[PDB]
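Okay, so here's the structure we're looking at.
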Amino acid sequence: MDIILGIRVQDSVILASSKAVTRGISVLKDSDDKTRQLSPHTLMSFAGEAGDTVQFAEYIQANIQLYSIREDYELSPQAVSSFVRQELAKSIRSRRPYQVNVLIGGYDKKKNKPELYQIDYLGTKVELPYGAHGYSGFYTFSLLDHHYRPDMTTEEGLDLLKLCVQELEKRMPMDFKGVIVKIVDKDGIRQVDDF
Amino acid sequence: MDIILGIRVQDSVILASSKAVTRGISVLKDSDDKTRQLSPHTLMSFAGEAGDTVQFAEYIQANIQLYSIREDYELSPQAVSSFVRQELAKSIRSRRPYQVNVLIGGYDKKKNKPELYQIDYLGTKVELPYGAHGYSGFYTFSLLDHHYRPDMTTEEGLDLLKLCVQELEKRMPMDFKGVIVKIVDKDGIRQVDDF
Amino acid sequence: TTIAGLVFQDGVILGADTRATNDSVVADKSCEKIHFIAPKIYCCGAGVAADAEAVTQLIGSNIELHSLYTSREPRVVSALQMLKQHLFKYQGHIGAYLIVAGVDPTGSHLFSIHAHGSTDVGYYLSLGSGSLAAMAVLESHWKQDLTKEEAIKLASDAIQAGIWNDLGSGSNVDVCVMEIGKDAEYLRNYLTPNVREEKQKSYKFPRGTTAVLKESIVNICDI
Amino acid sequence: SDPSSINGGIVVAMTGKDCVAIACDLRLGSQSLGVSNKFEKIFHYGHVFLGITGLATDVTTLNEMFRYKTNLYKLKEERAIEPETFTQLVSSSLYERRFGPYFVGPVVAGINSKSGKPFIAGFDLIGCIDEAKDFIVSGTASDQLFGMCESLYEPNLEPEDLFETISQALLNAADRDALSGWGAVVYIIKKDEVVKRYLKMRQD
Amino acid sequence: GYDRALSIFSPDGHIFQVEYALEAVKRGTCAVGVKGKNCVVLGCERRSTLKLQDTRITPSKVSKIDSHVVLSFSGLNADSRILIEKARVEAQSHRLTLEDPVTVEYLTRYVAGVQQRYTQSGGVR
Amino acid sequence: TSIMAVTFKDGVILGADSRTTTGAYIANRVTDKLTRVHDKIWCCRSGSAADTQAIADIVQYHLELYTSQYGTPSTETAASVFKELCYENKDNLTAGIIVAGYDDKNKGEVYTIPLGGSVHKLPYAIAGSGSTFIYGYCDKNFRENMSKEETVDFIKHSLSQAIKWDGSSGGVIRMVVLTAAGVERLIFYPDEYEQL
Amino acid sequence: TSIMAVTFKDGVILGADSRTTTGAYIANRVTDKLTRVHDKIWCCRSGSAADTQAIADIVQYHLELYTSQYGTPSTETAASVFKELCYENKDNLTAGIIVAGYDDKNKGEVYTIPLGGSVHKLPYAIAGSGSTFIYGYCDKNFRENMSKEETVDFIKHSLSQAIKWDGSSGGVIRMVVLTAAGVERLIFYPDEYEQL
Amino acid sequence: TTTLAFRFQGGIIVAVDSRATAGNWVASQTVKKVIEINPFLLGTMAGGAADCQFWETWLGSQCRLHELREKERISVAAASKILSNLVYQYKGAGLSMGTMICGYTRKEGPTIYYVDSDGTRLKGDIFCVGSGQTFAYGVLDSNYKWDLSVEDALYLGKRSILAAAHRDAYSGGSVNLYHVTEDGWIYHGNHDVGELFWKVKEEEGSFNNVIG
Amino acid sequence: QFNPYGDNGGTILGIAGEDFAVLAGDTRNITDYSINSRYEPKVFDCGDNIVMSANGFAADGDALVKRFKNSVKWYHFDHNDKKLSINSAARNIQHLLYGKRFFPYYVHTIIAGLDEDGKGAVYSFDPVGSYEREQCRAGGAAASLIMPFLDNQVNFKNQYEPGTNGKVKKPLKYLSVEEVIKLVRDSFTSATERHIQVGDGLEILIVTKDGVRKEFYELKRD
Amino acid sequence: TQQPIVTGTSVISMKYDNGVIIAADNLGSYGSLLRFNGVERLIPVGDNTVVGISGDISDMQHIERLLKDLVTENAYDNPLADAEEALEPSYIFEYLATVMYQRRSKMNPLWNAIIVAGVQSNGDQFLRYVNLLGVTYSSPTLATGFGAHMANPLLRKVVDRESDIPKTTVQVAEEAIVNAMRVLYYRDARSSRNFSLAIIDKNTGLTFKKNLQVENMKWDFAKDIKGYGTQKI
Ligand SMILES: [Mg+2]
Ligand SMILES: [Mg+2]
Ligand SMILES: [Mg+2]
Ligand SMILES: [Mg+2]
């Protein structure tokens, strides 16, 4: 899969993920949702090798949902990201590694803070104000470095994200067919249906 | 270079060529004209290896312009295409071959007929009602096979071409940044500035 | 690396240089390449430094447990057999080249051991990148019935040849002398021919030279 | 492709009079791309400090592994682990992965709580111990650090002088390495106080 | 190759082969050029010794070198074709490399240079 | 390496050079390639020094355990144990071993085990890199039922030539004589054999 | 291939087997590898048959033209022409040639030219794949100033062993004797030399 | 490496970084990546340092010979094409070049040609070449207008290199600025990225992610 | 396969002062782990108050220096004994190096001298002839060990004035020839300790308006 | 590009107070086969120079012919060919060094390592090395191949730096060279017992010694060595 972006603002985390699924010669789909809800206040977007991405995402989703039922409690975004990192770090020395890069956007209900975690297929974890995987950062980080403020509203975060996507649409060779955008805050997860 | 299309209608030849120039990671330009006027009623569009495409096109242009001045006469489209084919056929067994595919659209003033010639880098020439190079034919030929008629007007040819470009924009992974379209008829060569 | 071993009147002696090099840079200028196996059994290590240390320690541990089990002082042939069988099992993937020497109830012994598990008996041996320089000295001056004072001289001379003429070897000379009816004497930094000269300048900075963004106290104490 | 230079970064450790210093840069990258300017490479287990350079997933993994092991050590021994003992634990743990190693360059620094003796050590990726009196270097600019340390270092520096020496060694080494920099941290460690200082440096 | 020095100095400082080439020009049909304020006109004589000529196909005396420059001549007709051909090639070469058509002065300088070269090259007149 | 074993009237004699090389460097110039697997069953080793030592040590263990249970093994039995190890592990071994032994029933016997792990009983055998140069000499000069002195001369002259032409061979010529009388070691120095 | 040339009291004798192989198939079992470049200057050929024939034909041309201008060439001169071709075209040749000849001044002379294109004047020379097996035998049995009959026996016995052990060698043993008396061809069949 | 050039109302801005690396090792922080072809023409260095230096110095010689022969300033079109035709002859031999040939003449106005070692020659308004090109493009595309002032355009070029110098590991050291006018180029100084970063951070309020 | 290149080790250092220039190099010549020579001169007086060193593959290094010396000789013949200025020498060396663009001299070249205003000058070249005037430049095996130290001690990088805490840089005061030589010696002593290819001896050539002077210093031989 | 076929091993050499010594064994190896036992690898040029050559023997014989042709050519129209305009060691070396570097630059090397030993007109010792790559260097001791690894360490104990040269006599230098040749015979698998040794002295001239043998060899200790570890018989 191609472009996955993340930005943590004042009171929410915004994840933007491309809609295209290309299998070599043809674009098979232009409405693909590259994300799974792990818990009511934690979302994970993903990109990497075909098959492995969804298999990994759904496997993580199942384990976090299992934890939720057992303890009657939602794990913190930090805890979920550490669990995901370990699974990827375990994977890299396997017989056949998961080639999957993820962003984990969550709202910590205890601390009342949005949190964004970037984890690559090796199990390299970093907490960031904004992040990306693959070539997405090469185009967008100069704009984010310039315009980003920690006290941005959700609407300002979306406007900065539009500028990032516009730059991607101008300078990237591949047609990624636009992005699905989702917001993670104190009220949970919702999709911005017009972008 | 990526997409070059050609369609011969009743009284003209229409050539449509992509505007993008990509150098690996970035799209360096989105307004590139992949064509040269060889004579007042003959146009050649081209696609292939970087550098070789323009070098070849301009070399052909110079030779046809030289012929025009020497004889005070415009070579027929057939004659120009045979000259171009021989140069490519000569090229393929060279030390370093021209990797260039061309379409030659011309209006023969003697016969009062439009003519379209498709020539690949090997020197494989074919006269066609419509043609393409690379992957362009894979997407567009099923539409052209269906809708094409030999008695189409120029306006009907342009409408059929819009349908071809729309199909390319839907199913091709690469963003080729739209097409420049040019019409070759009895009055000469002109560019359709809105497409 | 230059390591050497040779026998004398009523003993055996080992020698080694003190330089560790990764690629073309000197990682360590004073490392110990003479490894302890038992109180009177020692091992010079060449090849991959971790492998030579690790294999001597494992066999040294097993030799100690064997010694306790049998109520006998360990033999060099036991260390030799255990090392070669271990190295043979790993088909050279443990890249240890070793010179094993010691004294036991049987007498004094000197063996070499290669990474694939072949062993040799010798009166004088050398291993490592400096072995050819060291062996030139040993072939020139080694004789039968050497005295201890002559043997230490020859062993250090063999290691010095490696130090000066081999870029892989350098720094100081380590020696270990194992004599019959005596405690083994481990002579680390037996020779020190490569002390650095005094520098031209002092590079101590004025205080406040470095720019500092933040200062904080780290809590290392138990809660 | 080379796992030890994908993410980049450096660690240096030095001894002084009744003190040790350990320092590291803050960069994490994906080759040419700078990813994070807050990736600290120094960790501590009680009073023993461990710097780790190399592949960042293994840096994180080994930190979590030694936290695990030093926690269990403490519960069983009823005392905090000492630098000399921890050094052997790092060496053992690395060598047990001899034929599938962690791509890292660990550095140990600390003061023995009973003897008061300053201690530093470095390792290769499979656990070979370098127990230097003077200094230990590690990472993608280890050549540059060797060059700085070998000239700048003198023995028995006081804590506040040692801070200047190790800081200037790290900074100027990092500025000659593409894959290091983006900030830096210096720990000054005495027998019962530890000061942590973030340095100001060029951000390219 | 034939290397013989045909154009050489004589005791009085003249190059007779160059001067005898001017006598060939003197024999050629008259050509005239007149420039106005916003045009140039080239007039040429056609000797009327030759009737039964086919004027459609007979080589015309004025030749286009490019779409903006013309060349007329007096002298040996066959010789003029060689200069016209070289000039036409150079005009297209200039367009190809400089991306601009030749100036009239440049084209003249080129043709004049070709003419000069044949006055101090071995084996040529 | 130049190794051979030769049967004669009173028993068998094993012979070998003493050179071990790593490329062109002589790693050991006084190697003992004549090795004891039982009291009067010895072998000559060629190929990988690690492999042949590992094999010989295992065989010695097998024949020691054989002897504790069933009494003295035959030379054929020793050759069979060698073959079993060489044949079953042919993919991971580079070993060329000549087995020589003395029984009182069978007298002197020689078995050669080349790379493949096949067994060949012979009146005499030659092996190692240097043996190529003496196939002609050995074939022309070997006789059956030679005396001890004739056989010592035959082996001395043969390995002298093998050493002369083969860079991989050299040093001293070691020999081991196996008869009813016992086990005798012999050594011959360069100044002796080079002038032959 | 097994080839040799041996100097003796009255001159020199060249000897060779007659086998030419393409892999394991014997393409020609009656090959003549003893070839004439001048009246009393011959050569033994080993390596690429195409290359050695191409070289020998060129040498024969050079010595014929030499003879027309300067009279009879020496064996040293013939060896030099061979060397010049072999050395200058070493990248594109696989040729191992022994040159043997008789002068009245110099008597019997032998020069060997191995793969590199070096020249070595020797009392006798051996070459070809089968020569490896007789280095020991030839070194032990060669004497200087042998008679014709002794030298024929030496070559016959030597190549007999080379043929016995080398699969690439076989067939008849051809020989060419070069003396003041003239040029004599000899041939020896399998039933003769195999029983030696 | 990060090099850019862009056309605007007041001519051309050319901006480049100063870093050269051999693997991870930073060889130089003081590389001149703008080649001064002559007083009116500039070229940029990317790919092979030697290939760019040598052949753009050589280009200056050909431009000088042209104006001696033709008694007129060489056009940017003709200058760029002399270089592209030269490198095209060497195609396959392993030349490494990515350069912007920049000039301002009467007949053309301000003109930029991207020239490249596989033979490409492109006229354009904005070009960015090097390992940090994508970062520079982001700042350029979002802030570029034709009607920028000379002061604001110079800053935009400076700021775009800074963006790349920060993120790209193989870009940094210092920023060299040029402004190309019809009467010739004007050098606008060497600016250390270390000092520039902190200055820009404070004054602009950007790079909030970085602690200062 | 025949490899036409080799690595003879060595390390060289050029520093440009206010009215002088030094070009220093170790005297050790090596292949793999063997020492070929403990004293093989690597820095050469080329005439016209220019000093040169071409470090790396010693055969290509000798060839280049030999050709440049010859280029100085022919410059005198062709241009009425005119002194070859350091900038002109540099450009000439670019053409010598780029002349073999597709089979390079496998060397890192440095020259030193005085410019036409009498100020110290050092020029640095890559193997194929890209070059630049520089204040400070190490080349060869231990260049990565030396340059960070020189950034810190010559240019005063990362050094600020006490009491200001990062706000005021340490001012870039001019170094004497004696001060530069101390830094050269300490660079090579440190390099010798930590790099196996550096050692034996240090030869420094100093260039002033008065001419070219030589100084030699022992280095550790291990 | 080729590969060496018939090869010669180490050439060793050193300076002493009044001149130079050079030595090399008489073997031409054919891989591991010790094929040719009478090969002279020290080639004198005049009465003041000896060129010692290792590596490919066919290329050595070519170089030998070049040197022979050099002497002929120097004598042409040269009344002082046996006096002031005689060939010097430095002239011979520079010529060979030019040829070696040119040949490597055409990707067709002479596959050799060469040491030119001699004494100049003014009495100065000349000793310099050149190989197939055109790499050159000088030192108080020089050696090729295995000699570099084994002979140099021994010879450097006698002459460790330039100032040791005037303190080293011809007897001490020859002794060191002869011992080094014995060590090489013990340890180099492509060496022979027979060697040649040349001394070039500023007073006594060129002394060329053929058919020398390695003697006083220690082998007796071999009788006591038994098995490879545990064997007692
Ligand atoms: Mg950096
Ligand atoms: Mg950067
Ligand atoms: Mg046969
Ligand atoms: Mg050393």
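Letters A, B, ... mark the chains of the structure tokens in the order given; residue numbers begin at 1 per chain; ligand numbers begin at 1, in order shown.
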What are the coordinates of chain G as a CSV table (one decimal) with C-alpha atoms, in the first residue's frame following a least-squares fit to chain F on all in-order C-alpha atoms?
```csv
chain,number,residue,atom,x,y,z
G,1,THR,CA,50.6,-34.9,1.6
G,2,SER,CA,52.3,-38.1,0.5
G,3,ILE,CA,51.2,-41.2,2.3
G,4,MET,CA,51.5,-45.0,1.6
G,5,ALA,CA,51.2,-48.4,3.2
G,6,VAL,CA,53.0,-51.5,1.9
G,7,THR,CA,52.5,-55.2,2.9
G,8,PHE,CA,55.6,-57.4,3.1
G,9,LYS,CA,56.7,-60.9,4.3
G,10,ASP,CA,56.6,-60.1,8.1
G,11,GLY,CA,53.7,-57.7,8.0
G,12,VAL,CA,53.0,-54.1,6.9
G,13,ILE,CA,54.7,-50.7,6.9
G,14,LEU,CA,53.0,-47.3,6.8
G,15,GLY,CA,54.9,-44.3,5.5
G,16,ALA,CA,54.2,-40.5,5.4
G,17,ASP,CA,55.8,-37.1,4.9
G,18,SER,CA,55.4,-34.4,7.7
G,19,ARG,CA,54.2,-31.3,5.8
G,20,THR,CA,50.9,-29.5,6.6
G,21,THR,CA,50.1,-26.4,4.4
G,22,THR,CA,47.6,-23.5,4.5
G,23,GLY,CA,47.9,-22.5,0.8
G,24,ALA,CA,51.6,-22.0,0.2
G,25,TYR,CA,52.5,-21.4,4.0
G,26,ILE,CA,53.8,-24.5,5.8
G,27,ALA,CA,51.7,-24.5,9.0
G,28,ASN,CA,53.4,-27.5,10.5
G,29,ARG,CA,56.7,-29.0,9.1
G,30,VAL,CA,56.8,-31.9,11.6
G,31,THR,CA,53.3,-33.3,11.4
G,32,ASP,CA,52.6,-36.9,12.4
G,33,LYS,CA,50.2,-38.3,9.8
G,34,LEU,CA,50.6,-41.9,11.0
G,35,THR,CA,47.9,-42.5,13.6
G,36,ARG,CA,47.0,-45.3,15.9
G,37,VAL,CA,43.4,-46.6,16.2
G,38,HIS,CA,44.4,-49.9,17.8
G,39,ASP,CA,47.7,-51.6,19.1
G,40,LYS,CA,48.5,-53.0,15.6
G,41,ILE,CA,46.0,-51.1,13.4
G,42,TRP,CA,47.2,-47.8,12.2
G,43,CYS,CA,46.1,-45.4,9.5
G,44,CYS,CA,47.6,-42.7,7.1
G,45,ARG,CA,45.5,-39.5,6.9
G,46,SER,CA,45.0,-37.2,3.9
G,47,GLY,CA,42.5,-34.5,3.1
G,48,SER,CA,40.9,-32.2,5.7
G,49,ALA,CA,43.0,-32.4,8.9
G,50,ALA,CA,40.0,-31.6,11.0
G,51,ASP,CA,37.9,-34.4,9.3
G,52,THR,CA,40.5,-37.1,9.4
G,53,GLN,CA,41.4,-36.4,13.1
G,54,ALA,CA,37.6,-36.4,14.0
G,55,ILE,CA,37.1,-39.7,12.1
G,56,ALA,CA,40.3,-41.4,13.6
G,57,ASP,CA,39.3,-40.4,17.1
G,58,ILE,CA,35.8,-41.9,16.6
G,59,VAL,CA,37.2,-45.1,15.1
G,60,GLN,CA,39.7,-45.4,18.1
G,61,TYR,CA,36.7,-45.1,20.4
G,62,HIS,CA,34.7,-47.8,18.4
G,63,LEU,CA,37.6,-50.3,18.4
G,64,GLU,CA,38.4,-49.7,22.1
G,65,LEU,CA,34.7,-50.5,22.9
G,66,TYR,CA,34.8,-53.4,20.4
G,67,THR,CA,37.9,-54.8,22.3
G,68,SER,CA,36.3,-54.6,25.7
G,69,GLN,CA,33.3,-56.7,24.5
G,70,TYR,CA,34.6,-59.0,21.7
G,71,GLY,CA,38.4,-59.0,21.9
G,72,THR,CA,40.9,-57.8,19.3
G,73,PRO,CA,39.3,-56.5,16.0
G,74,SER,CA,40.5,-57.5,12.6
G,75,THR,CA,42.0,-55.0,10.2
G,76,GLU,CA,39.0,-55.6,7.9
G,77,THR,CA,36.7,-54.6,10.9
G,78,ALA,CA,38.7,-51.4,11.4
G,79,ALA,CA,38.5,-50.5,7.7
G,80,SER,CA,34.7,-51.2,7.8
G,81,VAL,CA,34.2,-48.7,10.7
G,82,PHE,CA,36.3,-46.1,8.8
G,83,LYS,CA,34.2,-46.7,5.6
G,84,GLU,CA,30.9,-46.4,7.5
G,85,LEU,CA,31.8,-42.9,8.8
G,86,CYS,CA,33.3,-41.8,5.4
G,87,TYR,CA,30.5,-43.2,3.2
G,88,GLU,CA,27.5,-42.1,5.4
G,89,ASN,CA,28.9,-38.5,5.8
G,90,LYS,CA,30.4,-38.2,2.3
G,91,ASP,CA,28.6,-34.8,1.7
G,92,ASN,CA,30.3,-33.2,4.7
G,93,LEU,CA,33.8,-34.9,4.7
G,94,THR,CA,37.0,-34.5,2.7
G,95,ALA,CA,39.0,-37.6,3.9
G,96,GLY,CA,41.3,-40.0,2.1
G,97,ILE,CA,42.4,-42.7,4.6
G,98,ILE,CA,44.7,-45.7,4.2
G,99,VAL,CA,44.1,-48.3,6.9
G,100,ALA,CA,47.0,-50.8,7.7
G,101,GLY,CA,47.2,-53.5,10.3
G,102,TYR,CA,48.8,-56.8,11.5
G,103,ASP,CA,46.9,-59.9,12.6
G,104,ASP,CA,48.7,-63.2,13.3
G,105,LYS,CA,46.0,-65.1,11.3
G,106,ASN,CA,45.8,-62.7,8.3
G,107,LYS,CA,49.3,-61.1,8.6
G,108,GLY,CA,49.8,-57.7,6.9
G,109,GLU,CA,46.7,-56.1,5.3
G,110,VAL,CA,46.2,-52.7,3.6
G,111,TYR,CA,42.8,-51.1,2.8
G,112,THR,CA,42.4,-47.7,1.0
G,113,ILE,CA,39.4,-45.5,1.5
G,114,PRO,CA,39.2,-42.7,-1.1
G,115,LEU,CA,36.9,-39.6,-1.1
G,116,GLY,CA,33.7,-41.5,-2.0
G,117,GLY,CA,33.9,-43.8,1.0
G,118,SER,CA,34.5,-47.0,-1.0
G,119,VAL,CA,36.9,-49.7,0.3
G,120,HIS,CA,39.7,-51.4,-1.7
G,121,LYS,CA,41.9,-54.1,-0.2
G,122,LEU,CA,45.4,-53.9,-1.9
G,123,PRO,CA,48.9,-55.3,-1.6
G,124,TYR,CA,50.1,-51.6,-1.2
G,125,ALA,CA,48.4,-48.2,-1.4
G,126,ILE,CA,49.4,-44.7,-2.2
G,127,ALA,CA,47.4,-41.5,-1.5
G,128,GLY,CA,47.7,-37.7,-1.0
G,129,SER,CA,48.5,-34.9,-3.5
G,130,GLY,CA,52.1,-36.1,-3.9
G,131,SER,CA,51.1,-39.7,-4.8
G,132,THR,CA,50.3,-38.7,-8.4
G,133,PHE,CA,54.0,-38.3,-9.1
G,134,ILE,CA,55.0,-41.9,-8.0
G,135,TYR,CA,52.2,-44.1,-9.6
G,136,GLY,CA,54.8,-45.0,-12.3
G,137,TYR,CA,57.6,-45.6,-9.9
G,138,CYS,CA,55.6,-47.6,-7.3
G,139,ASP,CA,54.0,-49.8,-10.0
G,140,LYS,CA,57.5,-50.7,-11.5
G,141,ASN,CA,59.3,-51.3,-8.2
G,142,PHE,CA,56.8,-53.0,-5.9
G,143,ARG,CA,57.2,-56.8,-5.4
G,144,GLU,CA,55.2,-59.0,-3.1
G,145,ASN,CA,56.9,-60.7,0.0
G,146,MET,CA,59.7,-58.2,0.3
G,147,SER,CA,61.9,-58.1,3.4
G,148,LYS,CA,61.7,-55.4,6.0
G,149,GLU,CA,64.8,-53.6,4.7
G,150,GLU,CA,63.6,-53.8,1.1
G,151,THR,CA,60.2,-52.4,2.0
G,152,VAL,CA,61.8,-49.5,4.0
G,153,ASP,CA,63.9,-48.7,1.0
G,154,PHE,CA,60.9,-48.9,-1.3
G,155,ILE,CA,58.9,-46.5,0.9
G,156,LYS,CA,61.9,-44.2,1.4
G,157,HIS,CA,62.6,-43.9,-2.3
G,158,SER,CA,58.9,-43.5,-3.2
G,159,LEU,CA,58.1,-40.7,-0.8
G,160,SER,CA,61.5,-39.1,-1.6
G,161,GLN,CA,60.2,-38.6,-5.2
G,162,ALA,CA,56.7,-37.6,-4.0
G,163,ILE,CA,58.3,-34.9,-1.8
G,164,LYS,CA,60.7,-33.7,-4.6
G,165,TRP,CA,57.9,-32.9,-7.0
G,166,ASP,CA,55.0,-32.0,-4.7
G,167,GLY,CA,55.1,-28.6,-3.0
G,168,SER,CA,52.4,-29.8,-0.6
G,169,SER,CA,54.6,-32.6,0.7
G,170,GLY,CA,57.9,-32.3,2.6
G,171,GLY,CA,59.8,-32.4,5.9
G,172,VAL,CA,60.7,-35.8,7.5
G,173,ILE,CA,59.6,-39.2,6.3
G,174,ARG,CA,57.9,-41.0,9.2
G,175,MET,CA,57.3,-44.7,9.1
G,176,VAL,CA,55.6,-47.3,11.3
G,177,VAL,CA,56.4,-51.0,11.1
G,178,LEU,CA,53.7,-53.5,12.1
G,179,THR,CA,54.8,-57.1,12.7
G,180,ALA,CA,54.5,-60.0,15.2
G,181,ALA,CA,57.6,-58.5,17.0
G,182,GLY,CA,55.7,-55.3,17.8
G,183,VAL,CA,55.5,-51.6,16.7
G,184,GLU,CA,58.6,-49.8,15.5
G,185,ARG,CA,58.7,-46.1,14.7
G,186,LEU,CA,61.2,-44.9,12.1
G,187,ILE,CA,62.2,-41.3,11.0
G,188,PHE,CA,64.3,-40.2,8.0
G,189,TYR,CA,65.7,-36.6,7.6
G,190,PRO,CA,66.1,-34.5,4.4
G,191,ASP,CA,69.9,-34.9,4.3
G,192,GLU,CA,69.3,-38.7,4.1
G,193,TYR,CA,66.5,-39.0,1.6
G,194,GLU,CA,67.2,-36.0,-0.8
G,195,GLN,CA,70.5,-37.5,-2.0
G,196,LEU,CA,68.8,-40.8,-3.0
```
>> Please find the residues contacting ligand 1 at a distance of at most 12 Å between atoms, with only C-alpha atoms and all ligand atoms counted, and report them as a PyMOL selection string.
In response: (chain D and resi 8-10+25-29+32+34+37+140-141+144+170-184+201-204) or (chain H and resi 19-21+24-29+165-173+193-194) or (chain I and resi 148)
> Using only C-alpha atoms and all ligand atoms, which protein or nucleic acid residues are at most 6 Å from ligand 4, as a PyMOL selection string?
Replying inline: (chain C and resi 163-167+169-170) or (chain I and resi 222)
Tell me, counting only C-alpha atoms, for each residue of chain H within 8 Å of chain A, which pair of atoms is nearest and how far apart they are in Å to one decimal, in rows ordered by chain and increasing number, as JSON lines.
```
{"residue": "H:134", "atom": "CA", "partner": "A:139", "partner_atom": "CA", "distance": 5.2}
{"residue": "H:135", "atom": "CA", "partner": "A:142", "partner_atom": "CA", "distance": 5.2}
{"residue": "H:136", "atom": "CA", "partner": "A:142", "partner_atom": "CA", "distance": 7.4}
{"residue": "H:137", "atom": "CA", "partner": "A:139", "partner_atom": "CA", "distance": 7.6}
{"residue": "H:138", "atom": "CA", "partner": "A:142", "partner_atom": "CA", "distance": 6.0}
{"residue": "H:139", "atom": "CA", "partner": "A:143", "partner_atom": "CA", "distance": 6.3}
{"residue": "H:141", "atom": "CA", "partner": "A:167", "partner_atom": "CA", "distance": 7.4}
{"residue": "H:142", "atom": "CA", "partner": "A:163", "partner_atom": "CA", "distance": 7.8}
{"residue": "H:163", "atom": "CA", "partner": "A:142", "partner_atom": "CA", "distance": 5.5}
{"residue": "H:164", "atom": "CA", "partner": "A:142", "partner_atom": "CA", "distance": 7.3}
{"residue": "H:167", "atom": "CA", "partner": "A:142", "partner_atom": "CA", "distance": 7.8}
{"residue": "H:206", "atom": "CA", "partner": "A:146", "partner_atom": "CA", "distance": 4.7}
{"residue": "H:207", "atom": "CA", "partner": "A:145", "partner_atom": "CA", "distance": 5.0}
{"residue": "H:208", "atom": "CA", "partner": "A:149", "partner_atom": "CA", "distance": 6.3}
{"residue": "H:209", "atom": "CA", "partner": "A:145", "partner_atom": "CA", "distance": 7.3}
```
>> Between H:186, H:162, H:2, H:178, which residue has the minimum interatomic distance to chain D, considering only C-alpha atoms?
In response: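 Of the candidates, the smallest distance to chain D is held by H:162.
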> Within 8 Å of chain C, which residues of chain J show up when using only C-alpha atoms, listed as a VMD selection string?
Replying inline: chain J and resid 149 to 154 179 to 180 183 221 225 to 230
>> Can you tell me, as a PyMOL selection string, which residues in chain H count as alpha helix (DSSP H) by DSSP?
In response: chain H and resi 49-70+76-89+133-143+150-167+193-204
>> For the strand (DSSP E or B) assignment from backbone DSSP, which residues of chain H qualify? Please present them as a ChimeraX atom specification.
In response: /H:3-8,11-16,20-22,25-28,34-36,42-44,47,97-105,109-116,121-123,126-129,168,174-181,184-192
>> Which residues are near residue I:180? Cut-off 12 Å, only C-alpha atoms, ignore same chain within fewer than 6 positions. Put them as a ChimeraX atom specification.
In response: /C:200-201 /I:13-18,20-24,135-136,150,153-155,174,186-187,204,206
>> My list of candidates is H:146, H:104, H:176, H:132. Which is closest to ligand 2 when distances are computed with only C-alpha atoms and all ligand atoms?
In response: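 Of the candidates, the smallest distance to ligand 2 is held by H:132.
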